Amino acid sequence: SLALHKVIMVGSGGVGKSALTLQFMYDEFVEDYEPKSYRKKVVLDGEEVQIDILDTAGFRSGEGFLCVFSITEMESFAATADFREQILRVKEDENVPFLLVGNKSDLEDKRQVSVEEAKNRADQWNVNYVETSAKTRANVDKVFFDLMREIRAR
Ligand SMILES: Nc1nc2c(ncn2[C@@H]2O[C@H](COP(=O)(O)OP(=O)(O)NP(=O)(O)O)[C@@H](O)[C@H]2O)c(=O)[nH]1
Ligand SMILES: [Mg+2]
Ligand SMILES: [Mg+2]
């Protein structure tokens, strides 16, 4: 019986929740692909564990949350506040494993949310901010592993 870390993908429509999930799961990225709980056995810091990712459309059983927004849409960034508030209430826990993810970092020329703005919010919530790209793979494994580490340590 291996540890099972339950991760939940949250965020506005189109931010890349599915793309991130599929890149992490199968190392595949197909632009314009609109997809089905995904499971995968991985080694976290020397320990084989199982990660379970719930990729919902833009929640109580979840142990950790990846709060995703697109750096190219400030609207999706603004929306993270509601998602944040909703998670804490439903989960009743204020220190729930949470990570703010700014996806689509490869679309820098279309950025609407600066790194400093996102970081400010992350610091305000006492969580980390990581920018990812399902397309270039940049930091995708990092956000899932980092979140599992959060879950691992309560
Ligand atoms: N260039 C680029 N495109 C991305 C990235 N992540 C996702 N996309 C693209 O953005 C679009 C929406 O991604 P998708 O994963 O479907 O978003 P979602 O958050 O899962 N949408 P929904 O909430 O409706 O389920 C797709 O055409 C996808 O290829 C990224 O990092 N870079
Ligand atoms: Mg999706
Ligand atoms: Mg960059």
Side-chain angles (χ1 to χ4, degrees), residues 1-31 33-73 76-106 113 118-119 121-154:
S1 57
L2 301 176
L4 178 63
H5 302 311
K6 303 74 172 187
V7 169
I8 307 296
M9 304 299 285
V10 302
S12 305
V15 303
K17 295 181 296 298
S18 297
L20 284 170
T21 300
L22 295 177
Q23 164 54 217
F24 179 78
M25 284 286 153
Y26 311 117
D27 188 42
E28 311 177 313
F29 174 73
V30 182
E31 178 164 347
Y33 175 60
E34 181 173 59
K36 180 181 178 60
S37 178
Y38 300 78
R39 289 201 179 177
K40 185 176 185 178
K41 292 185 181 181
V42 297
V43 189
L44 184 62
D45 300 314
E47 180 195 5
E48 177 178 54
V49 301
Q50 281 193 300
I51 186 178
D52 180 281
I53 303 169
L54 182 60
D55 176 37
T56 49
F59 197 102
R60 340 305 174 185
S61 180
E63 294 166 348
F65 303 74
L66 285 187
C67 188
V68 189
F69 70 91
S70 168
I71 65 168
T72 70
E73 171 175 347
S76 69
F77 175 67
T80 60
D82 297 310
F83 300 159
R84 168 72 177 181
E85 190 175 2
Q86 294 170 54
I87 297 180
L88 299 178
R89 295 186 177 184
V90 181
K91 195 64 180 178
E92 294 185 58
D93 181 5
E94 288 289 358
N95 230 299
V96 183
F98 191 102
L99 200 172
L100 182 60
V101 183
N103 189 47
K104 304 194 180 180
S105 68
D106 57 291
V113 180
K119 285 186 173 179
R121 177 165 298 199
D123 299 327
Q124 189 175 63
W125 297 343
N126 290 300
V127 302
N128 288 300
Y129 172 58
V130 183
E131 298 204 328
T132 59
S133 174
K135 180 179 178 178
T136 70
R137 300 187 172 97
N139 293 325
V140 178
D141 280 0
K142 178 177 172 58
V143 297
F144 283 101
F145 278 67
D146 279 5
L147 182 59
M148 286 192 282
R149 294 194 176 84
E150 299 277 294
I151 296 176
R152 183 182 61 190
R154 296 181 178 179

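All values below were derived from every heavy atom in this structure, side-chain atoms included, with hydrogens, water molecules and symmetry-related copies excluded. The first residue in the sequence is number 1, and the count goes up from there.
Using a distance-only test at 3.5 Å, with no hydrogens or angles considered, no donor-acceptor pair links the side chain of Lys41 to the main chain of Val49. The backbone N or O of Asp82 sits less than 3.5 Å from a side-chain atom of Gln86, completing a donor-acceptor pair. A donor-acceptor contact shorter than 3.5 Å links the side chain of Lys91 to the backbone of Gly62.
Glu34 is linked by a salt bridge (charged side-chain N to carboxylate O under 4.0 Å, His left out) to nothing, counting only residues two or more places apart in sequence or in another chain. Scanning for ring-ring contact (aromatic ring centres under 6.0 Å, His included) contacts around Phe77 gives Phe69, with sequence neighbours left out. Take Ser18 and apply the side chain to side chain contact (heavy atoms under 4.5 Å, CB included) test, not counting sequence neighbours, and it matches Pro35, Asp55. Contacts of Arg149 classified as salt bridge (charged side-chain N to carboxylate O under 4.0 Å, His left out), with partners at least two apart in sequence or in another chain: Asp45, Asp146. By the side chain to side chain contact (heavy atoms under 4.5 Å, CB included) test, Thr56 pairs with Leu54, sequence neighbours left out. Not a single salt bridge (charged side-chain N to carboxylate O under 4.0 Å, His left out) links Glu150 to another residue, sequence neighbours left out. Partners of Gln124 according to the side chain to side chain contact (heavy atoms under 4.5 Å, CB included) rule, which considers only residues two or more places apart in sequence or in another chain, do not exist here. Partners of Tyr38 according to the ring-ring contact (aromatic ring centres under 6.0 Å, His included) rule, which considers only residues two or more places apart in sequence or in another chain, do not exist here. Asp123 pairs by the salt bridge (charged side-chain N to carboxylate O under 4.0 Å, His left out) definition with nothing, not counting sequence neighbours.
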Please tabulate, for side-chain N and O atoms in residues 7-15, each donor-acceptor pair with protein atoms closer than 3.5 Å (sequence neighbours left out).
none

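Contacts classified as salt bridge (charged side-chain N to carboxylate O under 4.0 Å, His left out) and involving residues 5-27 (residues at least two apart or in different chains) are given here: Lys6-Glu63, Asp27-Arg137. Pairs passing the ring pair (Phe, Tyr, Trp, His ring centres under 6.0 Å) check and including a residue from residues 43-64, sequence neighbours excluded, read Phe59-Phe65.
Looking only at side-chain heavy atoms (C-beta outward), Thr136 and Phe29 stay at 4.5 Å or farther from each other. Taking the side chain as every heavy atom from C-beta outward, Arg121 and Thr80 approach each other to under 4.5 Å. Counting heavy atoms from C-beta on, the side chains of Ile51 and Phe24 come closer than 4.5 Å. Side-chain contact between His5 and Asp52 is absent, with no heavy-atom pair separated by less than 4.5 Å. Side-chain contact between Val42 and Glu48 is absent, with no heavy-atom pair separated by less than 4.5 Å.
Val101 pairs with exactly one of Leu147, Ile71, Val68 by the side-chain contact (heavy atoms from CB on, under 4.5 Å) rule, that one being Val68. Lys135 pairs in a side-chain contact (heavy atoms from CB on, under 4.5 Å) with only one of the listed residues (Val30, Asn103, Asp106), which is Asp106.
Taking NZ of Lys104 as the reference point, atom CG of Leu20 lies at 10.0 Å (rounded to 0.5 Å).
Within 6.0 Å of CG in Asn95 there are 12 or fewer heavy atoms belonging to other residues, nucleotides or ligands.
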